[PDB]
Every structure is written in C-alpha cells, then in structure tokens.
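Chains as they are written, first to last, in the entry's author numbering: chain B, 1 to 76, 195 to 255, 285 to 360, 372 to 431; chain B', 1 to 76, 195 to 255, 285 to 360, 372 to 431; chain B'', 1 to 76, 195 to 255, 285 to 360, 372 to 431; chain A, 1 to 75, 195 to 255, 285 to 358, 375 to 431. A prime marks a further copy of an entry chain. Using N, Cα and C, we set each Cβ at its ideal position, and we do this for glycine too.
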Amino acid sequence: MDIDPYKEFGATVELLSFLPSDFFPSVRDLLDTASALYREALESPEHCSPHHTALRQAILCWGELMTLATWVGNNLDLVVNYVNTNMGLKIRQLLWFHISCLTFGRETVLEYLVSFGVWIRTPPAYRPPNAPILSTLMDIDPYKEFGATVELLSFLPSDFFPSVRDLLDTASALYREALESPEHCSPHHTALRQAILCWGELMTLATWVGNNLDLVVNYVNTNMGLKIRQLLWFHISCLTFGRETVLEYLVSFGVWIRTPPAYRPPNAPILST
Amino acid sequence: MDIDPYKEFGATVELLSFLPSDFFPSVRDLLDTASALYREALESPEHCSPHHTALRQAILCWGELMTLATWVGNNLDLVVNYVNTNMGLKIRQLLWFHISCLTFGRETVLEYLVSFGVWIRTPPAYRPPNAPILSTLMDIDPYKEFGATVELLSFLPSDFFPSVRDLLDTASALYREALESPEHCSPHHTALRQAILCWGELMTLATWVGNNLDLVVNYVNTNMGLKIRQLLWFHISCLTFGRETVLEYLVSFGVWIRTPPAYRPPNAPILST
Amino acid sequence: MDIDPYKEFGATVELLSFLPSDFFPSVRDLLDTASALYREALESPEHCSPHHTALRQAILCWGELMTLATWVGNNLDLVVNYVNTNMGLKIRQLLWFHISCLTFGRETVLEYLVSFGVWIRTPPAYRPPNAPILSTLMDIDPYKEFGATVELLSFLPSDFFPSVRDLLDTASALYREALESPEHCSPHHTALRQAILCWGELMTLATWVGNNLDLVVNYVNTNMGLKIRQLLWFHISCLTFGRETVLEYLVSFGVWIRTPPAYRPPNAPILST
Amino acid sequence: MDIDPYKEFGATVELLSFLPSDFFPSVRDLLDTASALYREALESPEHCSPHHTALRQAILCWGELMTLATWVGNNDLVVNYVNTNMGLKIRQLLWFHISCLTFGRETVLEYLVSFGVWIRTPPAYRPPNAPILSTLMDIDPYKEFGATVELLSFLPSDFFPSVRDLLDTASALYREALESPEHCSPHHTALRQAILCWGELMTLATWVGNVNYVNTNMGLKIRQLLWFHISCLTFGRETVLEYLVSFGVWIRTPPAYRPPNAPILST
C-alpha cells in the first residue's frame with residue numbers, strides 16, 4: 001500500500017515539500033504546543049476531528065520510535199542522528215500539519231503552503247523581506292476514542308493476535324481502495340493509515356540497525383510488533399465486523415480464556431461474517 | 001494489460017489468496033462438479049450469467065494447457199508437475215470461484231472468503247475446530292453463446308486473421324479502460340479478459356519449455383496461436399463493429415473466398431467504421 | 001508527470017500508433033498545410049479551439065527543437199537525423215492530428231484511426247487495394292491568446308523566474324491530477340501540458356548530444383531554458399492566482415524594477431493566495 | 001517600438017516621401033508661420049487639437065536639437200549634418216501640422232496625392248505650376293496638461309529612471325496604442341513625439357562621437389516628459405498632478421523637519 005498521510009486532508013507529500021527541511025520546529029517544540037492547546041482533547045474519549053485522530057497516532061508513533069532509539073543505544195549516538203534525519207523529519211512535518219490545521223483551519227494551512235511556495239521559489243534578489251506567516255493575528288490511549296483500552300486489548304492472550312504480515316495482507320485485500328482514498332470514510336480508516344505508515348518507519352529503522360550495526375529484529379517483534387498486531391487487528395476487525403461486535407468479542411474471548419476447560423464451550427469463540 | 005480475473009465479480013486475486021494453495025480440489029473434482037450441475041447451461045447457446053461465460057473459457061483454457069502439456073511429453195513428467203504448480207493452481211482457483219458462485223451465490227462466496235480468512239489467520243492454539251464451510255445445508288464451443296461456431300470461424304482462411312501481437316495492441320489501445328474495469332460491460336468483455344489471461348498462461352508455459360528443455375514456439379503458433387487469433391479477432395471486432403455485423407461479414411468474406419475471381423468484386427471485403 | 005498529448009482529445013499515444021511511422025508527411029508538408037488554412041487563426045489573439053492552442057505550442061516547440069539542432073551543427195549531420203527519427207516523428211504525429219481534426223472534425227479522425235487500424239492489421243493477401251483516406255470529398288506568440296506578449300514577459304528580469312525544477316515540482320504538486328486528466332479544463336492546462344512535454348523533448352535531445360558528442375547544457379539553459387521558465391511560470395501562476403492578476407502583476411513588478419529605490423515601496427511585489 | 005509620426009493623422013512616412021526634400025520651407029520660415037497664426041493657441045492652457053499638441057512638441061524638440069548643435073560647434196561641419204538629417208525631419212513635421220491647421224487635414228492628405236501625381240509625371244507633360252495649398285514663442289510642454297515646468301522642477305535628477313527604462317515601460321504597457329492609427333489621448337500624442345525626439349537627439353550624439377553631456381541637459385528633459393506621460397496614463401492625470409504638489413512640499417522641507425521617506429506615486 002502506498003498511503004499518503006495527507007491525502008484525506010486535501011494535501012499531499014509533495015505539497016508539504018514546498019516548505020524546506022529546516023522550516024519545521026523540533027519535536028519538543030511541537031509536542032509542547034499540542035499539550036499547551038489540545039491536551040484535554042487529545043486525551044478525550046472522543047474522536048472530535050480527523051485531525052485529532054491523526055495527531056494521537058503520530059504522538060504514539062514517535063514514542064515507539066524513541067523507545068527503539070534509546071534501546072539500540074544501550075544494546076548495539196550514531197543511531198539517534200539517523201532518526202532525526204529520516205524518521206524525525208517525517209514526524210515534524212506531520213505534527214506541524216495537524217497542530218496548525220487545528221489552530222488555524224485546514225483551508226488556511228493549505229492556502230499557506232501555496233503562498234510559502236511562491237515565496238521560496240522566488241530568487242533571493244527579488245524575494246520580499248517578510249516570509250508568509252500562519253499567525254491568526285501527555286499520555287494517549289490509542290483505543291480510547293474507539294471505546295476500548297490497552298487493558299481490554301491485553302485481556303486477550305499475546306499469541307492470539309495474527310502476524311503483522313497477515314494483517315497487512317488483509318488490509319490490502321479488503322481496504323486498499325479506501326485506505327488510499329482521498330476521503331476519511333471512518334475514524335477507523337484514519338487510525339489504520341497511520342498504523343501502516345508507522346510500522347514502515349520502524350521497519351526502516353530496524354533494518355538500518357541491522358545493516359550498519372541481528373538482535374534488534376527479535377526485540378521489535380516482542381514489544382513494538384505486539385502493539386502493532388493488536389492495533390492492526392482492532393481496526394481491521396472493527397471495519398469488517400463492526401465496533402460494538404469487537405468490543406463484546408474482547409470480553410467474550412477473554413473470560414473464555416480464564417474459565418476452566420470443563421465448564422466452557424469446547425471451541426474458542428471467533429468472529430464470522 | 002494487468003487484468004484481474006475476479007475484479008468484475010467483486011473479488012480480487014489477493015482476496016482469493018486468503019484460502020491456502022492446498023485448499024482447492026483437483027481439476028478432475030471441479031470439472032466433474034461443473035458437468036454434474038451445469039453441463040446443460042455451459043453448453044447452451046446463451047450467456048445465462050457472467051459466471052457461465054467465465055467458466056466456459058476456463059474449461060477451454062485448461063484443455064489447451066493440457067494439449068500443450070502432453071505434446072511436450074512426446075516431443076521434448196517434469197513438464198506436467200510444473201503445470202500443476204503454476205498454471206493448474208490458477209485454474210483450480212478460477213474453477214472453484216465460478217462453480218461455487220453459481221451454486222451458492224456470489225455474495226455468499228465473498229462472505230465466505232472473509233470468514234475463512236479470519237479463521238486461517240487465527241493461530242492454531244485459539245482456532246475453532248470446525249472451519250467455515252460453504253455448504254447450503285463436456286465439450287464447449289467458445290462462440291456458441293455469441294451466435295457463431297468454430298465452423299463459421301474456420302470458414303475464413305487461416306492466414307486471414309491478424310497477428311496475436313496486433314490484436315493485443317488493439318485491445319490495449321481501445322478497451323484497456325474497460326477490460327480492467329470492475330464492471331462486466333458485455334459478454335464480449337468477459338470472454339476477452341479470459342482470452343488475454345489464457346494466452347499469458349500458455350506463453351508462460353511455452354518459454355518455460357524453451358528455457359529449461372526451440373521447437374515448441376512453432377507448435378503453439380500453429381495450433382493454439384491460430385485459435386487465440388480467431389478468438390481475439392472475434393471479440394474485438396464485435397466490440398467495435400457490432401456482433402450482427404461480424405456474423406454477416408463471416409459469411410460475406412467466406413463465400414467471396416470460394417467464388418472464382420472473375421465473378422466476384424475485385425477487392426476483399428473489410429469491416430470499417 | 002506522465003502526460004499524454006492526445007488524452008484530452010479522446011485519443012492516446014497507442015491509438016496513433018495504429019498508423020505506421022512512415023504514414024505521416026514531412027514537417028514542411030504539415031507546416032505549409034497549417035499556414036494554408038489556419039494561419040489567421042493560429043496568429044489570432046483568441047483561443048478558438050483546444051486544437052488551436054495545442055497546435056500553436058507544437059509549432060513553437062519544433063522551432064526550438066530546430067534552433068538547438070542547427071546550433072549543435074555549428075558547435076559540436196549526425197545530430198539532425200536523430201531529430202528526424204525521435205523528436206521529429208513525435209512532431210509529425212502531433213501536427214497531423216490537430217490539422218486533420220480541425221479540417222475534418224475530431225470524431226472523424228478518431229473513426230479514421232480505427233478504420234485504418236483494421237486495414238493495416240489485415241495481411242496483404244486479403245487487404246483491399248484502397249486504404250482509408252480522411253478526405254472530405285508563420286510566427287506565433289505563445290502568450291497572445293492569454294492576453295500577454297513575449298515583450299510583457301521580458302519586461303520582468305531574466306533571473307526573476309524560478310528554476311525549471313521548481314516549476315515542474317509546483318505543477319506536479321498542484322495540478323498533476325488535472326494535467327493528466329482526460330479533460331481540457333482550461334486553455335491554461337492545454338498550453339501547460341505541451342510545455343511539459345516539449346521540455347522533455349529538448350532534455351532528451353540535449354543529453355543525447357552530451358553522451359554521444372559538455373557545453374550544450376549551458377546553452378539550453380540560457381536560451382531555451384529561460385523561455386520555458388517564463389512559459390511554466392505564466393501558466394502555473396494564472397492557474398493559482400487568476401489570469402487578470404498575473405497580467406497586472408507583470409506591469410506592477412516591471413515598473414517597480416525600473417523605479418529608483420528611494421521612490422518605491424522597499425520590498426518587491428509578490429503574488430499571494 | 002517603431003512609431004509613425006503621421007499614422008494618427010491619416011498619413012504615413014511613405015506618403016510624405018512623395019514631396020521632395022527641398023520642397024519644404026526652412027525652419028525659420030515655418031516657425032514664423034506658426035508664430036504669426038498660432039501663438040495664442042500654441043501657448044494656451046488648452047489642447048485645442050491633436051495637431052496643436054504635436055506642433056508644440058515639435059517646436060520644443062527643434063530647440064533642444066539647436067541647443068545641442070550650437071554646443072558641439074564650440075567644442195560648422197555639424198550644422199550641415201543637422202540640416203541634412205535632423206532638420207529635414209523637423210521640416211516635414213512642422214510643415215505637416217501647420218498645413219493641417221491652416222487648410223484642414225483632409226486637404227493636406229489630398230494635396231499629398233496630387234503632388235505625387237505631379238512629381239511622377241515626365242517633364243514634357245508635367246505642367247509648369249506645381250500644386251499649391253491655397254483654399255483654406286516660448287511654449288511650456290506641460291501647460292496643456294495642467295502642469296508646468298516649475299511644478300516638475302522640484303523633482304530631483306535621480307527621481308526619474310533611465311531613458312531606456314522609460315522606453316521599456318512605454319513599450320511594455322502602451323505599444324499597442326503608441327503604434328495605433330488612433331489618437332486615444334493627448335498623452336499618447338505627446339508620448340509619440342517624445343520617443344521620436346529622443347531618436348533624433350541620439351543619432352546626432354552618436355554621430356558627433358565618431375560628448376554624452378546630453379544625459380544631463382537633454383536627456384533629463386526627455387526623462388521628465390517620458391515620466392509624466394507614462395504616469396498620467398498609468399495613474400491618471402489628477403493623481404499625478406496632486407502627487408507633484410505633495411512631493412514639492414516634501415522636497416522644499418529641509419531635513420529633520422520632514423519624514424525621511426519621499427511620497428510614493430501609486431493607486
């Protein structure tokens with residue numbers, strides 16, 4: 001799947017390439033800006049916007065990118199300036215786009231990307247002195292806006308969830324025409340596009356540790383692979399079975415696992431359509 | 001042309017990849033099932049369904065794949199277990215899909231491919247014991292449903308028909324947006340998609356004989383190439399000129415060939431738009 | 001951008017590949033035909049047709065292809199028979215398509231390309247003697292139909308205009324879905340599709356001089383690169399800012415350049431959205 | 001930008017090439033005819049005609065040519200060059216506008232055709248009387293437009309762009325009407341004459357260079389004329405006239421009693 005993170009919001013990757021690489025603030029400057037203004041809505045049990053759904057996933061994706069980044073530094195700073203060049207640059211553009219579309223409006227940021235493009239394409243002998251400005255003058288749960296918890300997702304066994312290869316094959320076989328659509332179509336589609344993109348960022352970083360500096375691939379499939387297996391399984395199943403069905407299946411299969419085998423139905427529950 | 005055999009029926013190739021490779025019955029088990037239930041409608045002079053059109057072509061494609069398979073065995195069983203691995207697997211999925219969509223309904227088989235996908239993605243420690251089942255509890288003429296015969300197509304000379312390169316170039320230049328469409332659009336489009344796919348299966352098999360074991375390419379252009387040249391010419395011309403025009407052109411050019419040259423119009427008939 | 005020159009007119013490149021390479025007349029025979037019939041409308045200050053817009057650009061593109069062709073012959195006839203084989207063949211098909219669609223109607227030329235395809239696919243033993251015929255029995288300004296001149300575009304400094312890389316990046320980031328559309332959508336889109344295609348023809352020819360016979375790339379960025387930078391800048395800006403705004407900006411920035419710095423506003427004018 | 005001095009008046013250069021070069025009266029004879037008949041109108045604050053406007057710039061252009069010619073004779196070989204090249208084109212322009220003021224414009228255009236028939240006739244059949252036209285001074289260049297020389301005298305010499313930069317602004321904005329066969333304004337008529345007056349001034353200066377003090381005496385006067393008519397076409401006449409008032413208050417104010425930025429002409 002070639003999924004654009006900006007396509008459902010009316011932008012593309014090449015449209016945000018109009019701003020230079022050093023236009024964007026640091027991740028600390030942007031994560032402080034989100035918590036200064038949207039910390040009560042980014043931790044709300046509501047969707048509230050597609051921009052809030054896409055911002056919650058990018059905040060959790062950077063934490064998993066930085067969990068792997070410090071772990072390689074303990075178990076081999196050459197790893198961390200590669201993250202700031204490749205993965206952290208994509209995080210900074212994605213954080214900047216959603217924070218400023220919340221602050222200023224999505225049409226305003228799309229008008230501004232065009233206006234800054236005309237300004238930066240001007241040669242410096244004819245460029246105006248003032249650039250265009252956009253001025254109008285935190286622990287997140289990935290499942291909370293969908294009615295679940297990390298506690299309810301871990302209520303099921305660790306080895307219950309299918310492989311990350313089988314889930315990306317399922318999303319490609321069933322939702323490739325909608326995950327690559329320029330529409331939102333659901334909050335499940337928004338949270339699933341970011342999960343597919345974030346797994347590509349970690350799989351880019353994990354093979355870079357493997358080629359340059372192979373114990374890291376076992377670690378990412380234990381901690382970050384299990385978290386992406388539950389995240390892919392949750393949103394795929396809520397698309398094909400419904401969100402209320404998957405929430406009741408989590409407490410049906412969970413109590414069935416806890417029940418002694420002599421006093422439960424003999425076969426495991428399953429979701430079927 | 002990248003044509004999917006399942007795209008007009010609401011499926012794809014990656015959706016039928018949910019079932020494993022050894023899920024599908026043998027070709028003998030599936031050809032007996034079609035003759036046990038649909039032998040009077042697969043030999044009817046009617047379309048009756050897009051599933052019947054697509055099933056008639058797959059039955060004739062397997063006969064031409066097995067005509068070439070035994071001929072290489074006489075004129076070099196290493197050839198026949200390559201057919202069972204590559205071409206015969208694609209035949210078994212295609213026979214299974216149309217026979218079961220006729221038997222059970224097309225929406226039922228599409229629901230079943232999803233339900234079997236959830237079951238096979240489950241790890242075996244948590245998988246239910248009973249898999250999903252789909253249970254609800285022969286000489287074909289390729290031209291007969293279109294009003295022609297093999298006898299009427301051979302009424303024209305052998306070297307009249309254009310090359311297979313020129314006909315695939317014509318279908319690409321004129322019908323690529325409709326042959327790759329997810330619609331049916333005609334019974335001519337259904338029978339033409341299978342002919343383009345079947346020529347790719349024979350051209351895959353014929354170069355495999357050429358690389359591994372070059373007399374085979376002369377044989378496929380004599381017997382199977384002439385049959386695919388008339389099949390491509392018939393459906394392309396019926397799309398651009400109309401089916402009733404091509405049926406009258408076959409008896410106009412055919413009798414003109416038989417007539418002595420002193421008593422016919424001096425130039426050959428042609429189809430023009 | 002993969003732009004087809006014929007896609008907005010209902011044809012494609014593979015549809016005009018039905019005619020052989022030596023079907024098309026020479027460029028002298030086609031440029032004389034355009035001046036014999038359409039010289040007063042190809043020099044008019046009007047659009048008059050999408051066929052007239054596309055024909056004006058192809059005439060100017062051949063002049064810039066032949067300006068570079070004779071300049072290499074003075075500053076290294196092996197260069198000029200490469201132009202007649204590769205770039206001049208594309209010019210001859212493009213000149214033939216628009217001149218005959220003006221003369222005979224666009225639906226007539228599209229019917230004729232199919233009818234000639236049936237005739238040329240026929241083997242010569244069965245081919246009729248008479249082929250299908252299409253018979254019904285000059286200095287251009289690129290900006291004149293848009294309200295500007297070459298004199299008004301050179302009223303701005305030479306180094307004002309952005310690089311040809313930045314302008315093709317801007318058209319890709321903002322108009323790729325419409326420049327590759329099968330619609331016309333504007334006379335600005337028609338004149339911009341031909342400019343992107345013509346720069347590819349000159350960049351193909353300029354590296355062929357560089358590989359086979372590197373002073374030529376400096377020459378094309380002085381004469382032909384400056385002309386394509388103003389042409390790309392004009393049509394991109396008229397799409398995002400409006401045509402009347404860019405025409406007033408050309409006389410605002412032009413007089414501001416001429417004004418002494420003590421008696422003008424201190425910063426250069428800019429276009430902003 | 002090639003401007004025909006007679007295209008807005010119904011003639012061409014090729015139509016006035018029917019008359020020979022020695023047909024035309026001397027500049028002194030033509031300026032006396034203008035002074036005796038048209039002086040209260042050629043020194044009037046009115047336009048009164050497009051012929052009066054074109055005649056005012058032609059009298060003022062000959063004075064700048066004679067000021068340039070009498071200087072380079074002090075620093195008579197050049198006066199035989201002025202009378203052969205620049206004095207001849209002034210004499211055609213002075214004759215044409217005096218005669219279209221005296222006899223009317225359609226009489227002079229008809230007289231040009233009739234003199235061509237006479238001059239093309241072989242001399243055995245050409246009548247002895249040539250056809251003749253019988254049946255009927286300190287000028288300010290800005291006075292007909294509401295301005296004066298004194299009103300524009302406050303703008304410093306570095307206010308104005310180059311003559312090249314002013315001829316490009318005229319060609320990039322107004323070439324379609326400066327080469328038109330219409331009048332379109334009195335600002336277009338005066339602009340046509342000033343571009344041709346600079347062309348006569350420049351060919352004299354490049355000839356005597358085979375010296376460019378003309379860029380502080382005559383090029384400065386051309387630059388204000390080129391600026392005033394371009395600006396009055398761009399911004400309007402009343403916008404330029406009230407800008408010249410407000411710029412003069414600013415430039416008469418000493419430093420430390422004025423804002424450090426001059427007024428800008430726009431909007």
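Cβ-Cβ separation, residue j to residue i (assumed contact under 8 Å), whole Å
i                      : j               : result
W237 (chain B')        : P247 (chain B') : Contact flag wrong, Cβ pair sits at about 11 Å.
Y377 (chain B)         : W62 (chain B)   : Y377 (chain B) to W62 (chain B), Cβ: 18 Å. No contact.
residue 112 (chain B') : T431 (chain B') : Inspection of chain B' shows residue 76 followed directly by residue 195; residue 112 (chain B') is thus not represented.
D286 (chain B)         : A243 (chain B') : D286 (chain B) to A243 (chain B'), Cβ: 33 Å. No contact.
Residues near residue i in its chain [Cβ-Cβ closer than 8 Å; skip 5 each side]
i                : result
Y290 (chain A)   : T296, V297, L299, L300 and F392
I394 (chain A)   : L314, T317, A318, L321, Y322 and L339
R416 (chain A)   : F302
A342 (chain B')  : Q57, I386, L389, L390 and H393
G383 (chain B'') : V311
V201 (chain B'') : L65, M66, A69 and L352
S26 (chain B')   : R210
The alpha helix (DSSP H) enclosing residue i, as first and last residue numbers
i                : result
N376 (chain B)   : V374 to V378
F307 (chain B'') : Run containing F307 (chain B''): none; DSSP gives neither H nor E here.
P334 (chain B)   : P334 to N359
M382 (chain B'') : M382 to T398
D195 (chain B'') : Element bounds for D195 (chain B''): n/a, residue is neither H nor E.
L228 (chain A)   : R224 to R239
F411 (chain A)   : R401 to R416
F215 (chain A)   : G206 to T221
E298 (chain B')  : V297 to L300
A36 (chain A)    : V27 to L37
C61 (chain A)    : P50 to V72
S319 (chain B'') : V311 to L326
C-alpha distance - residue i paired with residue j, whole-angstrom precision
i                : j                : result
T221 (chain B'') : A41 (chain B'')  : 13 Å
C396 (chain B'') : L19 (chain B)    : 22 Å
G357 (chain A)   : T203 (chain A)   : 18 Å
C332 (chain B)   : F23 (chain B')   : 34 Å
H52 (chain B')   : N379 (chain B')  : 28 Å
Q211 (chain B)   : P304 (chain B)   : 36 Å
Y407 (chain B'') : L207 (chain B'') : 39 Å
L15 (chain A)    : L231 (chain A)   : 7 Å
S310 (chain B'') : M350 (chain B'') : 15 Å
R245 (chain B)   : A426 (chain B'') : 6 Å
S35 (chain B')   : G223 (chain B')  : 18 Å
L373 (chain B')  : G10 (chain B')   : 41 Å
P423 (chain B'') : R401 (chain A)   : 21 Å
Same chain only: Cβ atoms within 7 Å of residue i, ignoring 5 sequence neighbours per side
i                : result
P329 (chain B'') : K7 and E8
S218 (chain B')  : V227 and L252
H336 (chain B'') : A325 and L326
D4 (chain B')    : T12 and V13
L30 (chain B')   : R210, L213, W214 and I217
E46 (chain B'')  : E292
Burial state of residue i, where buried means 16 or more other Cβ atoms lie within 10 Å
i                      : result
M1 (chain B'')         : exposed
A420 (chain A)         : exposed
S233 (chain B')        : buried
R39 (chain B'')        : exposed
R56 (chain B')         : buried
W346 (chain B)         : buried
residue 361 (chain B') : This model leaves out residue 361 (chain B'); its place in chain B' lies between 360 and 372, and no residues are given there.
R28 (chain A)          : exposed
Cβ neighbours of residue i in the same chain (closer than 6 Å, five flanking residues each side left out)
i             : result
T33 (chain A) : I217
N74 (chain A) : none
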